Amino acid sequence: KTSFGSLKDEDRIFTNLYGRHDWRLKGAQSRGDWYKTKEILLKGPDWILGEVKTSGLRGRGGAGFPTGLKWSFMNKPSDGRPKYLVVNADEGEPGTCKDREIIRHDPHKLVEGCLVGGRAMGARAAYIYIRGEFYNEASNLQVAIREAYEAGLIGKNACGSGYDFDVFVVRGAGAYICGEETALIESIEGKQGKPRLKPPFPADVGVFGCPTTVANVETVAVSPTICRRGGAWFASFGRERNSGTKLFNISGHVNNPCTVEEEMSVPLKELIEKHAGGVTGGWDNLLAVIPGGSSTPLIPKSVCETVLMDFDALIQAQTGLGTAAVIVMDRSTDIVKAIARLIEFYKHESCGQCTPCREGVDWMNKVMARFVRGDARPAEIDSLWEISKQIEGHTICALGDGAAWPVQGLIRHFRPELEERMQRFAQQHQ
Amino acid sequence: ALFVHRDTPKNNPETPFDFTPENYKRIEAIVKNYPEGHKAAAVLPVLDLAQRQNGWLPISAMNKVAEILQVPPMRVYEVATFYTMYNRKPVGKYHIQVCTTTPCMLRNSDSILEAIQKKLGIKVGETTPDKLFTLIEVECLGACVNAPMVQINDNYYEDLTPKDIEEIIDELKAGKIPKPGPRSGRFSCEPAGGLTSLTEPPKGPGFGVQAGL
Amino acid sequence: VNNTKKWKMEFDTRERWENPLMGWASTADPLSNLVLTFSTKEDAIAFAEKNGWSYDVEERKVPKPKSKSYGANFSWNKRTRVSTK
Ligand SMILES: NC(=O)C1=CN([C@@H]2O[C@H](COP(=O)(O)OP(=O)(O)OC[C@H]3O[C@@H](n4cnc5c(N)ncnc54)[C@H](O)[C@@H]3O)[C@@H](O)[C@H]2O)C=CC1
Ligand SMILES: Cc1cc2nc3c(=O)[nH]c(=O)nc-3n(C[C@H](O)[C@H](O)[C@H](O)COP(=O)(O)O)c2cc1C
Ligand code: SF4
Ligand code: FES
């Protein structure tokens, strides 16, 4: 296959995305969920790991680590400690609002994904760390999990397979850093949401000290559909090492901002002009696109014309795929004000633990607050670049990376706009 | 806005705080979710419960959470100052939270922020003198395709205009309850000009299931 | 730890008293500021014995090696968990 996009409704994993069907158990069983789950449990851990490795599923959290290789880190006998799946459901990324839709509209799919994932890794229970601001989504998911316990689908003797598996839901308390997997583990453990250092990886020392796999809602919820439809079905979409379907959140300056499930390697222009109703004012009104939520660098209109929305074609576009959250910015946008609001987000959501992020993200926000007004001189641009290069890869987690990267994208694609901002400040103030 | 504590007569360790017996049963249900020897993992839910009974957190809810979970009180103070939901000051009865990050700012969230400000007569960070509305400005609330949006205590109000948010504030003042949804024509997150996908019926159980299963 | 690398020879402190005019530290010990640097213990012992100085030697106290584990901060059943980080 060469061209991608135009995914059919028979090939969607997230049917009832929009809330148009019943989210509860009789609605979920009538759409394909909880079908032959006992056989998927009884065929073993290694079969499910082989199905996920066959499917080419990468980590839907945003980094794209191979999900089969990630879950196979738990494929080892116990040492007295229990083993845990932990489903990351914080989703604090600006641009990204898809896991809210999975929890709110396909909740039993996430429960069956917890069961299949925890069976594959030999886990004892699931901890769905939902964001605390998603309160109605959390109670939605708890009504679904009560339906799953009362139907005998989870808990003692889950799906009649003799396998015991609980599903716990822990609400957050309003910290974006608690979406990072070790900081999420620390937030589950009743501590400050501050990221641990790696090693130890959570497969060795995770939640409570136990072996633990933290995985996103989307990479967990597609796993029963991979185990039913097959690995070759999920590997049939997208390019090689870019396999599957993906939920996209096209927001910003489009006519119809929406969440839509789509084939993996779809072009960005086709996706925006097909599902979002195009950019407000036409495609020539396009200035920039942040392709995968705020952690990825923006790309200008000359890159957005032919770019494919998977991992490797966005690495080649010197950005990242991320959460596949498309933030569209038209020609009327004060783009330095938007990136400075974004760096302001990154200093308000930064847990203060290690030196480069705690100091340099506030120092970058002060530089960006002067760059919006133009109250600077152009030699501070490259200086700002070096400040980002003193945060990138010098931090504990990648929030420092995810704050250095928008600054790098803004400088790299809009240095002339910064310079004319500052020189018109200099002419009308000096 | 501070992260130190000073003992006022309305916020001190002699301020009365105690859970209700139904809240003690809820706390026991929370504690039973975690392994034995890791009761400290119930610091974040129970303290949030102490915000749901009281509306905010004096320094008697933090010490009561520290007492009933057998954790040091500084380890509860850290959680109560780290996380942005724990109101360490008494907020109003309707805590309006406007998202002003970049995907909501691109779709003109400042118009709704100024609409709430001139509607209620307060600015960002203040409370109306009848103790009914606290307006603060929050980060990305996870409703980006429904931009712009606000949050009122549990409830997202999405796809908003200044007229819609004036209507919501008018029916919060009227003693009713508003509908937590997008105030535009759409329902949750779909394209507004019709469904661009998921128009076909869902295929039901047994569709495309591979053999040997 | 760069000041723990070499051996040092000093002497016993004698009386320092108050200057009646200014309150300055008056001394009568010429060897009160004499600190000698040696690479090994035996060089310092040989230099003290050569000059007729009666000496006492304190052995080099290196710190014994520690056992450091970052994952020990987050154990399952041991007391070595950190209560916060
Ligand atoms: N979904 C969201 O709301 C957000 C997503 N992100 C995305 O998250 C990414 C950065 O997050 P991180 O998890 O810090 O980055 P990533 O480098 O570390 O790690 C992803 C996963 O791979 C696993 N892994 C990688 N190498 C491993 C090894 N050698 N052994 C064991 N496990 C290994 C980690 O355990 C982790 O679960 C970015 O791509 C960013 O776009 C960032 C912010 C918010
Ligand atoms: C600062 C930061 C915040 C993150 N927030 C989330 C999040 O909210 N939700 C999520 O699924 N992953 C988030 N991640 C990615 C996780 O580290 C982790 O990769 C993911 O939760 C699970 O791995 P997966 O991609 O295989 O699903 C975040 C990473 C960082 C560095
Ligand atoms: S880089 Fe920032 S977000 Fe990460 S551990 Fe350090 S202070 Fe926390
Ligand atoms: S940007 Fe306002 S909800 Fe995400």
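- Structure determination for this entry is recorded as cryo-EM, at 2.8 Å resolution.

- Looking at the PDB entry, one finds chain C named NADH dehydrogenase [ubiquinone] iron-sulfur protein 4, mitochondrial, with Ovis aries as its source organism.
- As deposited in the PDB, this entry carries the title "Complex I during turnover, open3".

- Chain B goes by Mitochondrial complex I, 24 kDa subunit in the PDB entry, where it is assigned to Ovis aries.

**A short note on the pattern of salt bridges**
Where side chains of opposite charge bring their charged atoms close, a pairing between them can arise.
Residue and element names in this part refer to chain A.
Piece 1. Taken as a whole, this structure holds 52 salt bridges over all chains when the rule is applied.
Piece 2. Two residues, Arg228 and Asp33, come together in a salt bridge whose shortest N-O distance is 3.4 Å. Note that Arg228 is positioned in helix α10 (residues 223-229) and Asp33 in the loop between α1 (25-29) and α2 (37-42), a separation of 195 residues in sequence. For the pair formed by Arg228 and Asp33, the shared burial category is buried.
Piece 3. One salt bridge connects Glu101 with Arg100, and the closest N-O pair in it is separated by 3.8 Å.

**With respect to the site of ligand 1**
All names here are of chain A.
Piece 1. Looking at ligand 1, there are 16 residues lining it, with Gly61, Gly62, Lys70, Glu181 and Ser295 nearest.
Piece 2. One of the backbone nitrogen or oxygen atoms of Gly61 is found 2.7 Å away from a nitrogen atom of ligand 1.
Piece 3. One nitrogen or oxygen atom from the main chain of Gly62 is found 2.9 Å from an oxygen atom belonging to ligand 1.
Piece 4. Relative to its unbound accessible surface of 850 Å², ligand 1 loses 67% to contact with the protein.
Piece 5. Taking a 2 Å distance to the grid points as the criterion, the majority of the atoms of ligand 1 fall inside the second largest pocket.

**Section: the pairing of strand β5 (residues 155-158) of chain B**
Each regular strand carries side chains that alternate between the two faces of the sheet.
Residues and elements named next belong to chain B.
Piece 1. The two faces of β5 match: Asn155 and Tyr157 on one face and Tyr156 and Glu158 on the other face are all buried.
Piece 2. Taken together, the 4 bridges between strand β4 (residues 149-152) and β5 define a ladder with antiparallel strand orientation. Within the sheet, the bridge partner assigned to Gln151 lies in β5 and is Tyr156.
Piece 3. Hairpin connection from β4 to β5: 2 residues lie between these consecutive antiparallel strands, with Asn153 at a positive phi of about 70°.

**Details of the domain arrangement of chain B**
Residues and elements named next belong to chain B.
Piece 1. Splitting chain B by domain gives domain 1 (17-90) and domain 2 (91-196).
Piece 2. Here the C-alpha centroids of domain 1 and domain 2 sit 29 Å apart.
Piece 3. In this assembly, 6 residues from domain 1 lie in contact with 4 residues from domain 2.
Piece 4. The contact between domain 1 and domain 2 buries some 300 Å² in all, and 36% of this surface belongs to carbon and sulfur atoms.
Piece 5. Of all residues in domain 1, the largest losses of buried area upon contact with domain 2 belong to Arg52, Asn87 and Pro90, amounting jointly to 83% of the total for that side.
Piece 6. Applying the counting criterion to the domain 1 and domain 2 interface returns 1 salt bridge.
Piece 7. Two residues, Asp154 and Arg52, come together in a salt bridge whose shortest N-O distance is 3.4 Å.
Piece 8. There are 2 residue pairs in polar contact connecting domain 1 and domain 2.
Piece 9. Among the residues forming the side of domain 1 that touches domain 2, the class breakdown is 2 nonpolar, 2 polar and 2 charged.

**Observations concerning the interface of chain A and chain B**
Piece 1. Tallying the contact residues gives 86 residues for chain A and 63 residues for chain B.
Piece 2. Buried surface at the junction of chain A and chain B, summed over both partners, amounts to about 6100 Å²; 59% is from carbon and sulfur atoms.
Piece 3. On the chain A side of the interface with chain B, the three residues burying the most area are A:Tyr18, A:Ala173 and A:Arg341, jointly 11% of the side's total.
Piece 4. On the surface where chain A and chain B come into contact, there are 32 residue pairs in polar contact.
Piece 5. Among the elements that make up the side of chain A that touches chain B, the one with the highest residue count is helix α15 (residues 335-348) of chain A (6 residues).
Piece 6. For the side of chain A that touches chain B, the per-class residue count stands at 33 nonpolar, 28 polar and 25 charged.

**Here we look at the packing of aromatic side chains**
Piece 1. The tally for this structure, following the rule as stated, stands at 22 aromatic pairs over all chains.
Piece 2. Centroid distance C:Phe47 to C:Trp53: 6.0 Å. Interplanar angle 55°. Geometry classified as tilted.
Piece 3. Of the residues examined, C:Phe47 reaches a relative accessible area of 24% and is grouped as partly exposed.
Piece 4. Put simply, the rings of A:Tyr84, A:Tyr127, A:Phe168, A:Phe208 and B:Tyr34 pair up and form one aromatic cluster.
Piece 5. When the ring centre of A:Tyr163 is taken as reference, the NZ or CZ atom of A:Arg119 above it lies at 4.8 Å.

**What to know about unusual backbone geometry**
Peptide bonds are, in most cases, trans, and in most cases residues other than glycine have a negative phi.
Piece 1. In this structure, A:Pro199 follows A:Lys198 across a cis peptide bond, with omega equal to -5°.
Piece 2. Considering the arrangement of structural elements, one finds A:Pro199 in the loop between α8 (181-188) and β4 (212-216).
Piece 3. Non-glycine residue A:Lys36 carries a positive phi angle of around 55°.
Piece 4. A relative accessible area of 30% places A:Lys36 in the partly exposed class.
Piece 5. The residue B:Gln70 is not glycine, and still its phi comes out positive at about 55°.
Piece 6. Within the element layout of this structure, B:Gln70 appears in the loop between α3 (61-68) and α4 (73-82).

Cut-offs applied
- Residues numbered from 1 in each chain as written, not as in the entry; some residues may be left out.
- Chains lettered and ligands numbered in written order.
- Part of a larger assembly, values for the part shown.
- Heavy atoms only, no water.
- Salt bridge = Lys/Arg side-chain N within 4 Å of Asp/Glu carboxyl O.
- Helix = DSSP H or I, 4+ residues; strand = E, 2+ residues; numbered from the N terminus.
- Buried < 20%, exposed > 50% of the residue type's maximum accessible area, 1.4 Å probe, protein only.
- Near = heavy atom within 4 Å.
- Polar contact = N/O pair within 3.5 Å; in protein donor to acceptor, adjacent residues only side chain to side chain.
- Areas by Shrake-Rupley, 256 points an atom, 1.4 Å probe, with all protein chains shown as cover.
- 1 Å grid on protein atoms, 1.4 Å probe; cavity = no way out; pocket = protein on both sides within 12 Å on 5 of 7 lines; lining within 4 Å.
- Sits in = over half its atoms within 2 Å of the grid points.
- Pairing = 2+ DSSP bridges.
- Domains from an automatic or database assignment.
- Contact = heavy atoms within 4.5 Å.
- Buried area = accessible area lost by both parts, 1.4 Å probe.
- Nonpolar A, V, L, I, M, F, W, Y, C, P; charged D, E, K, R; others polar.
- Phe/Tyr/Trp six-rings, centres within 6.5 Å; stacked < 30°, edge-to-face > 60°.
- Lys NZ or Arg CZ within 6 Å of the ring centre and 35° of its normal.

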